[PDB]
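One chain is shown next in structure tokens, namely the form deposited in one PDB entry.
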């Protein structure tokens, strides 16, 4: 189990999004987070463009598993994945470890593009202008509103305090049990985990655990 360890990339065709109607879809098997990018033609530079992107939005995944399409089997693409430490897995187009996680992403994605499309009247092909914006809006509904992927691979939570530190006590040794709150003008506000005491210490006398 776990986010950013295994992804399922795959291209799909959405006519409504042409010219660039070739859609690259990456899904995180764990989080269920989606990343799609438009393309004129499914090629090696396409996938590599797509992935670099999904990496910027979801993070570096340990491995991606795609079909045996030339765009993934290619030389460049493999050198690429290897230049990033990303394991690759060309599974047969049926199941081969399961690959229907993405196809439901495509359905949700395309179906979503249908409503966002006809919502603004475009009963067919979508204007090259409001194309990115509509696609982008689909990502936001697919990832932020409950049906949550980001609320699953990000794990949003508010932290009441900061990271644990070891401050330097008058004896010259470094004492554990403190946590840093705020930094200001070279001093650090630190809070003792046992007494709840808060004191300001020089940045120099504070080091992490």
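Positions refer to the first chain, counted from 1.
The form solved in complex with a small molecule exists for this protein as well; it is not shown, and the discussion that follows is about that form.
Not displayed here, the small molecule is approached by residue 96 to within 4.5 Å at the level of heavy atoms in the deposited complex. Proximity of residue 115 to the small molecule in the deposited complex falls outside the 4.5 Å heavy atom cutoff. Although the partner is absent here, residue 120 is not a contact residue: none of its heavy atoms lies within 4.5 angstroms of the small molecule in the deposited complex.
Under a 4.5 angstroms non-hydrogen atom cutoff, the small molecule in the deposited complex lacks residue 87 among its neighbouring residues.
Out of the listed residues 92, 136, 100, 82, 100 is the one that sits within 4.5 Å of the small molecule in the deposited complex by at least one heavy atom.
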